[PDB]
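One structure is given here, and the rest of the page talks about it.
Counting neighbours? That spans all protein chains shown, and the Cβs are built from the backbone with ideal geometry, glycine included. Every number here is computed from the coordinates shown, using simple stated rules; none is lab data.
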Amino acid sequence: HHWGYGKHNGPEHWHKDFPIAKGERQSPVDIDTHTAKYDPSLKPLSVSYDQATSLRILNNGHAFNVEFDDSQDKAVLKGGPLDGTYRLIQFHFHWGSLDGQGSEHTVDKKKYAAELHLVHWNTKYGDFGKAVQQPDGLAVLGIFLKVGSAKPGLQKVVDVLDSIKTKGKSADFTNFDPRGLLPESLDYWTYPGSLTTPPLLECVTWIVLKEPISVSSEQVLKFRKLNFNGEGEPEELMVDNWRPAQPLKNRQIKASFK
Ligand SMILES: CCOc1ccc2nc(S(N)(=O)=O)sc2c1
Ligand SMILES: [Cl-]
Ligand SMILES: [Zn+2]
């Protein structure tokens, strides 16, 4: 066995191996724009990716991760609801089999075609492994993707996917600039949550941007050519690798705007 997104190992099954799946601060969640409240206590959000150093791209059987060198303070996220410095370690996406679904977070129940997750760990914990043992160990910047005009900055990623079609495959991926995946506005919603895939640890401060980026149908279609399976195994297209919205419970989503 092994958790996945299928009928017999999907999200509704995760709680068995990972009881925290029914926890008090699970992600993703639906973002009710009318209930979210503007928070003046939020400081300006700062995304500094100018010195970002990508190293490799990997198909881990659930999605593909563009990994970065986080041995030094380069690509960092700070400000907003965050206290201290968070360092970028990797980014990945969640997408659907159709344009009408694919995102994990939803806005007023609306599902986007995909969602980009830029993962960062709190530098005061030394490293990622230690950060995931803390309630404020991680910060994930989420960006929605809608199908429309192509996103130039994403093409380098889509063009390397052919080399990592199956689970376990990786490829060198240096000099990729994540700044090319950001929308114009940094307006966002924020709330305390968790990792959206096992181990589903509740160590994440979520920062979801309001403005989605546009990607072309051609670009997302290539995402859908990836495989969940390993080389030589029966083909199971990597699509719908998203977890649905979870109970908000005792939480309040704050807005950085209006
Ligand atoms: C220790 C294994 O590393 C992990 C495991 C799950 C996980 N989920 C996310 S997400 N979808 O951004 O909430 S990033 C991440 C890193
Ligand atoms: Cl299936
Ligand atoms: Zn994710």
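List of remarks:
- Cα-based shape type of segment 170-228, given that a ≥ b ≥ c are square roots of the gyration tensor eigenvalues and the cut on a/c is 1.5: oblate
- Using the Cβ-Cβ distance between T174 and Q133 with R0 = 41 Å, the FRET efficiency computed as 1/(1 + (r/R0)^6) comes to roughly 0.85.
- Each residue in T196, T174 was given a count of other beta-carbon atoms within 10 angstrom of its own, and listing them fewest first yields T174, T196.
- Think of the chain as having a plus end and a minus end, set by charges on the Cβ of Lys, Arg, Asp and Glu; of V47, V208, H120, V208 sits farthest toward the positive end of this dipole.
- Loop-located trypsin sites (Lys or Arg not before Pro) in segment 76-163 (DSSP state not H, G, I, E or B) with no more than 16 neighbouring Cβ atoms inside 10 Å: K109.
- Surface/4 estimate of mean projected area, convex hull on alpha-carbon atoms of segment 159-258, nm²: 9.0 nm²
- Of all DSSP-defined beta bridges confined to the chain, some 75% are antiparallel rather than parallel.
- Mean shadow area of segment 74-138, taken as a quarter of the surface of its Cα convex hull (nm²): 5.6 nm²
- Taken about its Cα centre, segment 128-255 carries a charge dipole of about 340 debye when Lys and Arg each add +1 at the Cβ and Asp and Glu each add -1 at the Cβ.
- In loop segments of segment 102-194 as defined by DSSP, the GluC sites (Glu not before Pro) with at most 11 further C-beta atoms inside 10 Å of their C-beta are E184.
- Based on Cα atoms of the chain, Rg over Rh with Rh as the Kirkwood radius reads 0.93.
- Computed over the chain, relative contact order equals 26 percent, with contacts defined as Cα pairs under 8 Å that lie 6+ residues apart.
- Note on segment 124-183 and segment 1-35: Cα centroid distance 21 Å, given to the nearest whole angstrom.
- Between the listed residues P178, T190, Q219, the Cα displaced farthest toward the positive end of the dipole of segment 167-258, a dipole computed from Cβ unit charges relative to the Cα centre, is found at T190.
- Applying a DSSP loop filter and a limit of 15 other Cβ atoms within 10 Å to the chymotrypsin sites (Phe, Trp or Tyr not before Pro) in segment 79-118 leaves nothing.
- Amide H to amide H distances under 5 Å link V107 with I31, where only residues 5 or more positions off or on other chains count and H is placed in the peptide plane.
- Rounded to the nearest 20, the size of the Cβ-charge dipole of the chain about its Cα centre is 500 debye, with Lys and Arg at +1 and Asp and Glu at -1.
- Taking 7 Å steps out from each Cα toward its Cβ at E218 and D73 produces label points 4.2 nm apart.
- Segment 1-85 shape via C-alpha gyration tensor axes, a/c threshold 1.5: oblate
- Global geometry of segment 42-118, whether rounded, prolate or oblate, following the gyration tensor of its Cα atoms and the 1.5 cut on a/c: oblate
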